[PDB]
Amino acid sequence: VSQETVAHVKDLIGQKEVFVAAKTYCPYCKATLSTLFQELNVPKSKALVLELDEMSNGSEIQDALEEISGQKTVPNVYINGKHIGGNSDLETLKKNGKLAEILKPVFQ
């Protein structure tokens, strides 16, 4: 895991307000994307969703994410540069109202 790749991934995380690292065949990723973009209607134009299994540098990005967030699995969600976690973490925030609050500056 090179520092160059790590720096690049931090760049990607900050490009859009909502960042999601996922894999196309993962049900946890599907639930997270559904929650954010279908149920909550977060504008897709304010999000960068990486499907690592369809990225030539997917494994390198995932390794960089582990270094940056300590997380080893997908989905890996960031909102406004802050690490949110995975699908279960998203569900907890959704239920206690904190997800709606942190997405306030994003919704439009």
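Numbering starts at 1 and follows the sequence shown.
Chemist: Tell me which stretch, 93-101 or 10-18, has the higher mean Cα B-factor listed in the entry.
Modeler: Averaged over C-alpha atoms, the B-factors run higher in 93-101.
Chemist: For the stretches 55-63 and 26-34, which has the higher mean C-alpha B-factor as given in the deposited record?
Modeler: Higher mean C-alpha B-factor in the PDB entry: 55-63.
Chemist: Based on the entry's values, in what third of the chain does the Cα temperature factor of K72 lie: lowest, middle or highest?
Modeler: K72: CA B-factor falls in the middle third of its chain.
Chemist: When the deposited Cα B-factors of this chain's modelled residues are ordered and cut into thirds, is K82 in the lowest, the middle or the highest one?
Modeler: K82: CA B-factor falls in the middle third of its chain.
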